[PDB]
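Participant: Below you'll find the structure I mean.
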Amino acid sequence: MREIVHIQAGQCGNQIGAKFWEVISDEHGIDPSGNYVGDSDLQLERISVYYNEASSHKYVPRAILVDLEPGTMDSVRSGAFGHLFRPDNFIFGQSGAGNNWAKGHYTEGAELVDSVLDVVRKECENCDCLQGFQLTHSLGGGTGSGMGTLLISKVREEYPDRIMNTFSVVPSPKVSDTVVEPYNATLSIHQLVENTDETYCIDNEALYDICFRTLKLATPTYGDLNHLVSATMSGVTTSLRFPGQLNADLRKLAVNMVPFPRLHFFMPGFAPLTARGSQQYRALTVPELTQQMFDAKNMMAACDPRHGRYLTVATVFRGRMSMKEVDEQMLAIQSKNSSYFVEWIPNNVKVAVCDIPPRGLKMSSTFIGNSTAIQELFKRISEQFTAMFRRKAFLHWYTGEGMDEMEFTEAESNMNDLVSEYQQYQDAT
Amino acid sequence: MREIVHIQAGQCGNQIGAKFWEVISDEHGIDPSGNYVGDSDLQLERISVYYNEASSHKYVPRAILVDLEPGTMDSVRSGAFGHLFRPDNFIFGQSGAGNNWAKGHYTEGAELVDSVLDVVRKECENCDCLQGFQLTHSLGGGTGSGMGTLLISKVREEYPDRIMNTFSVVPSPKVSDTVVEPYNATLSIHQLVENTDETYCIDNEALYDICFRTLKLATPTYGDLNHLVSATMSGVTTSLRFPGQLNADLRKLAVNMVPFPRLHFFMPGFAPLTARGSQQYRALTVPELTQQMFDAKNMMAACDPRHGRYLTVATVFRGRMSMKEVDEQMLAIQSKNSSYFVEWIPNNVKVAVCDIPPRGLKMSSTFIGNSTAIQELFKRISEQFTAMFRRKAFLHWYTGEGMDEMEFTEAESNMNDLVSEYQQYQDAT
Amino acid sequence: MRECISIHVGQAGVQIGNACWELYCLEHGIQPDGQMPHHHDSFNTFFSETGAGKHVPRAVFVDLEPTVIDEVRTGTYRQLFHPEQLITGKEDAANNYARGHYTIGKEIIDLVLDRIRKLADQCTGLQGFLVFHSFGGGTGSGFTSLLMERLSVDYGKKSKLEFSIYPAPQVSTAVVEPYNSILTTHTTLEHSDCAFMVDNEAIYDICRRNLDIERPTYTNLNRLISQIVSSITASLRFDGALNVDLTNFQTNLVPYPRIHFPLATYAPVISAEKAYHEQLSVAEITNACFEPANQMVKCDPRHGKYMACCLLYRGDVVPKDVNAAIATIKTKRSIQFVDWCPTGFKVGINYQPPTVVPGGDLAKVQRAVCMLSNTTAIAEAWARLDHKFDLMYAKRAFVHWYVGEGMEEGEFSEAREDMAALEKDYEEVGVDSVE
Ligand SMILES: Nc1nc2c(ncn2[C@@H]2O[C@H](COP(=O)(O)OP(=O)(O)OP(=O)(O)O)[C@@H](O)[C@H]2O)c(=O)[nH]1
Ligand SMILES: Nc1nc2c(ncn2[C@@H]2O[C@H](COP(=O)(O)OP(=O)(O)OP(=O)(O)O)[C@@H](O)[C@H]2O)c(=O)[nH]1
Ligand SMILES: Nc1nc2c(ncn2[C@@H]2O[C@H](COP(=O)(O)OP(=O)(O)OP(=O)(O)O)[C@@H](O)[C@H]2O)c(=O)[nH]1
Ligand SMILES: [Mg+2]
Ligand SMILES: [Mg+2]
Ligand SMILES: [Mg+2]
């Protein structure tokens, strides 16, 4: 029951989804061929939430991988652990979006979302009781950004009374992967603010800092980055995937962390992160787990929480622990660290505890903070977009495929209004 | 309970500390790999004072080894008995202080002081009830004397209600290891006199004479020199690590040995010290232990006590003895040798007894005397500093990295003020 | 029916009590684990009786440092004590009166009083408290002075006996002993009923000559002090021809409200080999307890005068030769009484001979004498300590540790004038009275 439909967009979505399904199959004891090989029955107790049963006791993921360029699909099909996805779900075009929001939203988007919506409707009607949607993408690319936006809009139109999470790879401030980032970032963020429910912003430079400093890795790669992101996502889902002392669901998290309809940009974090050599010199316990959780250096978004106030915080533990210790340490953290907590939201900490530890670990924890440090990211993106649009660069290639400057002005106004409201609620008494 | 944090700065501190944790591990029966191997259960009764319990019954020392150059950490890490320290505590820079105080207190030490303090603070929270700090450094180097002072000032600003000890190695009159010794020593004492509860001063040639005429050694290397200091360092703490007839602790000594806030420069000592060949011709008993430690020949600081008067005296016995024998002789020593004891301090002797003898000995002790003869050491350093400062020799690489002439003339007036008050109490009636 | 509880404060109190409760468990035949293998009850006054055959002591062990309580928790007397009674802190007072009386000892006093109330309410015929504490320590001299201010308020008028450890003139461990002792005496002078003094140096000489030993560790001294403590409360637990309760000492040894400092004495103290060649009659153990070399405080009674006395015999003792021996003692001119005390003797005879612990230095005897004398000669002990305090305070040595830990410089002056008045009163009334 409570099935979740997973949608992956662009190269980043495809790679992150591949790592995510690797982690989920390892967690549920599913062989790469697609048949159960595990030992305990607690894995089989709730497997329909992500997987889907099929004849000869096979299990097929409920994922819909789609991207305009066929290279990622060919890679995921030819590589290992590609024998279990359903080929019908493999949807692709011929020519990529070319880092163009207009091309990804108005040119290939038409047919691509027609086919994707057909597949989505079939999967949903096959589902018994739909719980929500998951979409992993990037706000910097063309196909991922534009076509994920179109998919989100169509899914919102079709299923108004449903939840969906978006895992967005936000552009970095230091080094830009693409020259025209701000246009796509602004348009995508405007559309998401319009018609999404919750969004977990994830950066790349912050992940690289985490991997180099904490994990002590010399050559951090996209494999490790996607591993970290997938671990965070699995930690998020495990609360309803597995039984526990104090269960939590996606709707519970949304209710507890979203105080206002326009404030759903969270910062994720994971604990514990330790190097291979220095893992036997630490005592795994809730005190040190929370201590590692609640420091800025262990933040997956390139925003320093010391520059803002935590509007709300959620903490999903795993493994076996003591609720007395958990609540006592939460109270201690709140009392010692009151300065950067919002005064008019008393009791601004949500805690959930599961009962199944991750593979090869005694206990872990996932932290999700709705803070006011995203204001700086939105301000930086808005400033870059303002400069680029004022000098009118790269814009005739968004105007030449349907759009106009009215859309850009509206998106910039919406972004500025959002950041102003965010600051004004940070500085409220 | 009542655990202490060990901080080792400079090269001498790392070399002394590398031999200090050899004695503590042998006392508690801790294998070099880090797992308990001892037999008696009294050793493990109080292990949290120095060691830290980890996963799978592993013990990791509560030490923070830091030095500006990476040459010293290579030896301890790559050498034997370097498999038990935590790699996080190994903090080092790239370029040494170059025997400069300014390069270890303003320029290079400011880069590392924000990283070690994040490990000192982390160690305190995991600690149950902090007792105090222990610092081993040198007064003639650049990082041991410059940066070790910086750590003292910052720690004292965060834990005011704590007691810390400095096992400094004060320079020597006969030979100078570095040409610019007085500039570093004078500038460090001006800071150690303000943010330190007690300080144990140790010379180098006074350890050579002891190893020559008493231990009967012809070529005493630094391995046989730091071994003798470590025994004294481990004798102060042993009162709060093992049960005894008359217990003491770090705070208990500071009350008895420090009559005034500025007069806290002590002279340690040890007994028995006998050669390997000539240990069968002596009867190990209390009457000869007290006789051996009260002569000017057996003193680890090259200052003859006959030139001054003992203000207060401690005597931390070990082994198993009779309380009547101990208290009978310290009266005889005081009565027979009443000439060099201060008159306005009746009963200027503190005695404590433990119950666990040191490894390979029936009984031992440790002598700590707050004598007035230390005055003659500060008089000499202030004499050498004055001669160099008038000609402004070597001074222009201290002014070139932050400092100035006005700073020097205040660190020497304070030094001369202490000497004046260290003598007006010797002749006071 | 008659209940009294004992409080042990500091290391000296805990170590003494570790040997005192080894003696009570042997007199009443109580196994170390609380089970059982003049008597009809006996143990009811000290051992509260639980549902099963187990008896638990009415003791409250309190200390600030935990390095000595865990010795009791681990030692052979582990199953006896009630685990909730053993109260311990985090860090000691470090020989500081301020730390153990104003700042550190104030975070634990509320817990200690809870255990006292939970013990007094269970009993019905509570008589008084026994406090075992030192004088030169930090938590044995500053924390025990906080208990009397609180116990004397919750319980209005009850006898509060003490068993102190006076700092010896020559042999001494602490350096700030004159500071702790003067401050404690000035504060406990109003909330105490009778403070017995025992010196560490005097017992060294007693255990050296009479017992003929060479290595008298602290275990030997504590085994001898406990005999006096058990001799005082011998009439409570056993029948006798002439009983003496706890309140009898208050109205017989304290002529004035400020002069309540008797000094204990025990006899006979002989070795095992010397016991065979001695008759051990009543008429000579009385003589042995009166010689100046057998007193347990380093002061000679010859210099002073005996204000009052109290002899507590036990064993095979006839009430006739006790009178004859005492009458001879008064006639001897070595001792002398005060003019305003025509009668100065109080006797008490018990029917229980003293017991001997296994491996003890003392030998089995059938007679014993515990003499508690309130004499003027103790005034020389206050003068010596008052000179040490004035010597260090003139140069203001060690003061900065007390001032910065919750005290004012004026407190040291008040504690000095009080000891000057007490010393003056101890000789003004001990001198001859005109007319
Ligand atoms: N965390 C993470 N991010 C990635 C990874 N691979 C790519 N990205 C990000 O995703 C963006 C790629 O843009 P996409 O949306 O995939 O665009 P595309 O699929 O190449 O097609 P076009 O939009 O037409 O350019 C880059 O800017 C990267 O920052 C990855 O392996 N891990
Ligand atoms: N007792 C003892 N003293 C030592 C030993 N090794 C070095 N020393 C002393 O330590 C001093 C060295 O100065 P340090 O403070 O260590 O200087 P450093 O750590 O090399 O850093 P720089 O001052 O920048 O060179 C010398 O003057 C020696 O007297 C040792 O093994 N035992
Ligand atoms: N007779 C006797 N005296 C003892 C014994 N142990 C300690 N003392 C006395 O106690 C004195 C030390 O002061 P204490 O009150 O015991 O110190 P403490 O109880 O550890 O409390 P702190 O002062 O805070 O450390 C010494 O001078 C001894 O004379 C003992 O076993 N027997
Ligand atoms: Mg592409
Ligand atoms: Mg160096
Ligand atoms: Mg103590």
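Lettering and numbering for the structure tokens are positional, with chains as A, B, ... in the shown order, residues counted from 1 in each chain, and ligands counted from 1 in the shown order.
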Could you pull the residues within 7 Å of residue 165 of chain C, counting only C-alpha atoms, minus those fewer than 5 positions along the same chain, as a compact mmCIF listing (two decimals) with N, CA, C and O atoms, in the first residue's frame?

Facilitator:
```txt
# COMPACT_ATOMS: atom_id res chain seq x y z
N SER C 134 36.70 14.61 60.00
CA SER C 134 38.02 15.14 60.34
C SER C 134 37.92 16.64 60.60
O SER C 134 36.83 17.21 60.70
N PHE C 135 39.07 17.30 60.72
CA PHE C 135 39.13 18.73 60.94
C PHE C 135 39.99 19.48 59.93
O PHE C 135 39.75 20.67 59.70
N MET C 197 37.51 14.52 70.94
CA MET C 197 38.72 14.73 70.15
C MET C 197 39.64 13.52 70.22
O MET C 197 39.82 12.92 71.28
N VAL C 198 40.21 13.18 69.07
CA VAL C 198 41.20 12.12 68.95
C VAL C 198 42.32 12.63 68.05
O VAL C 198 42.06 13.24 67.01
N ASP C 199 43.57 12.41 68.46
CA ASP C 199 44.72 12.88 67.72
C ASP C 199 45.43 11.72 67.04
O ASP C 199 45.49 10.61 67.57
```

Participant: Give me, as a count of residues only, the residues of chain B touching chain C, with the criterion being at most 8 Å (counting only C-alpha atoms).

Facilitator: 35

Participant: Could you give me, as a PyMOL selection string, the residues within 12 Å of segment 299-301 of chain B, counting only C-alpha atoms and dropping anything in the same chain fewer than 4 positions from it?

Facilitator: chain B and resi 168-173+200-211+214+225-226+228-229+231-232+265-271+273+292-295+305+366-371+373-374+376-377

Participant: Do a neighbour search on residue 191 of chain C at 9 Å with only C-alpha atoms, toss out local chain neighbours closer than 4 positions, and write the hits as an MDAnalysis selection string.

Facilitator: chainID C and resid 145 148:149 151:152 160 187

Participant: Env of segment 410-414 of chain B: 9 Å cut, atoms = only C-alpha atoms, seq-sep filter 6 positions within chain, self excluded. Answer as an NGL selection string.

Facilitator: :B and (186-191 or 382 or 385-386)

Participant: Kindly provide the residues of chain B that approach chain A to within 7 Å, each paired with its closest atom pair and their distance in Å to one decimal, based on only C-alpha atoms, listed by chain and increasing number, as CSV.

Facilitator:
```
residue,atom,partner,partner_atom,distance
B:54,CA,A:283,CA,4.8
B:55,CA,A:283,CA,5.0
B:60,CA,A:281,CA,7.0
B:86,CA,A:281,CA,6.5
B:87,CA,A:278,CA,6.9
```

Participant: Tell me which protein, DNA and RNA residues are within 7 Å of segment 280-283 of chain C, counting only C-alpha atoms, leaving out same-chain ones fewer than 6 positions away, and put them as a ChimeraX atom specification.

Facilitator: /C:321-322,325

Participant: Just the number, please: distance in Å from atom CA of residue 58 of chain B to atom CA of residue 212 of chain A, one decimal.

Facilitator: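 Atom-to-atom, atom CA of residue 58 of chain B to atom CA of residue 212 of chain A, that is 26.8 Å.
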
Participant: Return as number ranges by chain the residues of protein, DNA or RNA that approach ligand 4 to within 7 Å, with only C-alpha atoms and all ligand atoms taken into account.

Facilitator: A: 10-11, 67-69, 96-97, 143

Participant: One decimal, Å: what's the distance from atom CA of residue 9 of chain A over to atom CA of residue 137 of chain A, could you say?

Facilitator: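 According to the coordinates, atom CA of residue 9 of chain A and atom CA of residue 137 of chain A are separated by 5.5 Å.
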
Participant: Between atom CA of residue 44 of chain B and atom CA of residue 63 of chain B, what is the distance in Å, rounded to a tenth?

Facilitator: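 Between atom CA of residue 44 of chain B and atom CA of residue 63 of chain B the gap works out to 18.8 Å.
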
Participant: Which parts of segment 160-355 of chain B does DSSP call helix (DSSP H, G or I) when run on the backbone here, written out as a PyMOL selection string?

Facilitator: chain B and resi 182-192+205-214+223-240+250-257+277-279+286-293+305-307+323-336+338-340

Participant: Which one is closest to ligand 2: B:424, B:138, B:72, B:43? Count only C-alpha atoms and all ligand atoms.

Facilitator: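 Residue with the minimum atom-to-atom distance to ligand 2: B:138.
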
Participant: Using only C-alpha atoms, which of B:152, B:419, B:147, B:120 sits nearest residue 108 of chain B?

Facilitator: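 Using only C-alpha atoms, residue 108 of chain B sits closest to B:147.
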
Participant: Can you list, as a PyMOL selection string, every protein, DNA or RNA residue that comes within 12 Å of residue 414 of chain C when you count only C-alpha atoms, leaving out same-chain residues fewer than 5 positions away?

Facilitator: chain C and resi 182-183+185-187+408-409+419-421

Participant: Once you have the residues from the selection above, write them out as a PDB file, in the first residue's frame, restricted to C-alpha atoms.

Facilitator:
```
ATOM      1  CA  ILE C 182      39.560  27.583  63.035  1.00  0.00           C
ATOM      2  CA  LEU C 183      36.670  28.201  60.631  1.00  0.00           C
ATOM      3  CA  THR C 185      35.217  25.279  65.252  1.00  0.00           C
ATOM      4  CA  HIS C 186      33.690  28.770  65.176  1.00  0.00           C
ATOM      5  CA  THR C 187      30.701  27.505  63.172  1.00  0.00           C
ATOM      6  CA  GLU C 408      34.687  37.644  52.395  1.00  0.00           C
ATOM      7  CA  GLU C 409      37.804  38.766  54.239  1.00  0.00           C
ATOM      8  CA  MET C 419      38.397  31.466  69.277  1.00  0.00           C
ATOM      9  CA  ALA C 420      39.995  34.152  71.454  1.00  0.00           C
ATOM     10  CA  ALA C 421      36.892  34.294  73.660  1.00  0.00           C
TER      11      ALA C 421
END
```

Participant: Which parts of segment 150-368 of chain B does DSSP call strand (DSSP E) when run on the backbone here, written out as a list in words?

Facilitator: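 Assigned to strand (DSSP E), within segment 150-368 of chain B: residues 163, 164, 165, 166, 198, 199, 200, 265, 266, 270, 271, 310, 311, 312, 313, 314, 315, 316, 317, 350, 351, 352, 353, 365, 366, 367 and 368 of chain B.
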
Participant: Pull N, CA, C and O atoms from the residues just selected and write them as a compact mmCIF listing (two decimals), in the first residue's frame.

Facilitator:
```txt
# COMPACT_ATOMS: atom_id res chain seq x y z
N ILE B 163 41.68 23.85 35.79
CA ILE B 163 43.06 23.88 36.25
C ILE B 163 43.93 23.19 35.21
O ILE B 163 43.70 22.03 34.87
N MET B 164 44.94 23.91 34.71
CA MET B 164 45.82 23.39 33.68
C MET B 164 47.27 23.49 34.14
O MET B 164 47.64 24.42 34.86
N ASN B 165 48.08 22.52 33.74
CA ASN B 165 49.49 22.45 34.10
C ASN B 165 50.34 22.51 32.84
O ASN B 165 49.96 22.00 31.78
N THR B 166 51.51 23.14 32.96
CA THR B 166 52.46 23.25 31.87
C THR B 166 53.77 22.60 32.30
O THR B 166 54.39 23.03 33.28
N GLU B 198 49.51 26.02 37.88
CA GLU B 198 50.87 25.69 38.30
C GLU B 198 51.70 25.33 37.07
O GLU B 198 51.17 24.83 36.07
N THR B 199 53.00 25.57 37.17
CA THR B 199 53.96 25.28 36.12
C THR B 199 55.15 24.55 36.71
O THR B 199 55.70 24.97 37.73
N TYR B 200 55.54 23.44 36.08
CA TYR B 200 56.69 22.65 36.51
C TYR B 200 57.85 22.95 35.57
O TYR B 200 57.79 22.61 34.38
N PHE B 265 55.75 28.50 40.28
CA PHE B 265 56.81 27.88 39.48
C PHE B 265 57.53 26.87 40.37
O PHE B 265 58.23 27.26 41.31
N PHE B 266 57.36 25.59 40.06
CA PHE B 266 57.80 24.51 40.93
C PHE B 266 59.06 23.85 40.39
O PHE B 266 59.48 24.08 39.25
N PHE B 270 62.52 13.12 41.73
CA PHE B 270 62.15 11.71 41.70
C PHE B 270 63.11 10.90 42.56
O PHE B 270 64.26 11.28 42.77
N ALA B 271 62.61 9.76 43.05
CA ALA B 271 63.37 8.82 43.87
C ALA B 271 62.61 7.51 43.97
O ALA B 271 61.37 7.51 44.02
N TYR B 310 62.42 26.82 50.99
CA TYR B 310 61.22 26.15 50.50
C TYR B 310 59.98 26.82 51.07
O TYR B 310 59.79 26.84 52.29
N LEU B 311 59.13 27.36 50.20
CA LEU B 311 57.87 27.93 50.66
C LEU B 311 56.92 26.82 51.10
O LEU B 311 56.52 26.76 52.27
N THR B 312 56.54 25.95 50.17
CA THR B 312 55.74 24.76 50.48
C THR B 312 56.33 23.58 49.72
O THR B 312 57.00 23.75 48.70
N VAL B 313 56.08 22.38 50.24
CA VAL B 313 56.66 21.16 49.70
C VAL B 313 55.59 20.08 49.63
O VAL B 313 54.80 19.92 50.57
N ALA B 314 55.55 19.35 48.52
CA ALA B 314 54.71 18.18 48.38
C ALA B 314 55.57 16.93 48.29
O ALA B 314 56.75 16.98 47.96
N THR B 315 54.95 15.79 48.60
CA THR B 315 55.63 14.50 48.52
C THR B 315 54.57 13.44 48.23
O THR B 315 53.82 13.05 49.13
N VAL B 316 54.50 13.00 46.98
CA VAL B 316 53.49 12.04 46.55
C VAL B 316 54.17 10.67 46.54
O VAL B 316 54.80 10.26 45.56
N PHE B 317 54.04 9.95 47.65
CA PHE B 317 54.58 8.60 47.74
C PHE B 317 53.75 7.64 46.90
O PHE B 317 52.62 7.92 46.50
N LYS B 350 53.22 18.85 52.44
CA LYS B 350 52.02 18.11 52.06
C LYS B 350 52.43 16.71 51.61
O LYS B 350 53.37 16.55 50.82
N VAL B 351 51.73 15.70 52.13
CA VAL B 351 52.08 14.31 51.88
C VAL B 351 50.84 13.55 51.43
O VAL B 351 49.77 13.69 52.03
N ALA B 352 50.99 12.77 50.35
CA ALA B 352 49.94 11.90 49.86
C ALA B 352 50.53 10.53 49.57
O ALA B 352 51.70 10.41 49.21
N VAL B 353 49.71 9.49 49.72
CA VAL B 353 50.16 8.11 49.58
C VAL B 353 49.19 7.37 48.67
O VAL B 353 47.97 7.42 48.88
N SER B 365 58.44 7.58 44.89
CA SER B 365 57.80 8.81 45.32
C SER B 365 58.02 9.88 44.26
O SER B 365 58.54 9.62 43.18
N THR B 366 57.61 11.11 44.59
CA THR B 366 57.76 12.26 43.71
C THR B 366 57.77 13.51 44.57
O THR B 366 56.89 13.69 45.42
N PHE B 367 58.75 14.38 44.35
CA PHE B 367 58.96 15.56 45.17
C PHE B 367 58.70 16.81 44.34
O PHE B 367 59.26 16.96 43.25
N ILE B 368 57.84 17.69 44.85
CA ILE B 368 57.47 18.93 44.18
C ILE B 368 57.62 20.06 45.19
O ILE B 368 56.84 20.15 46.15
```
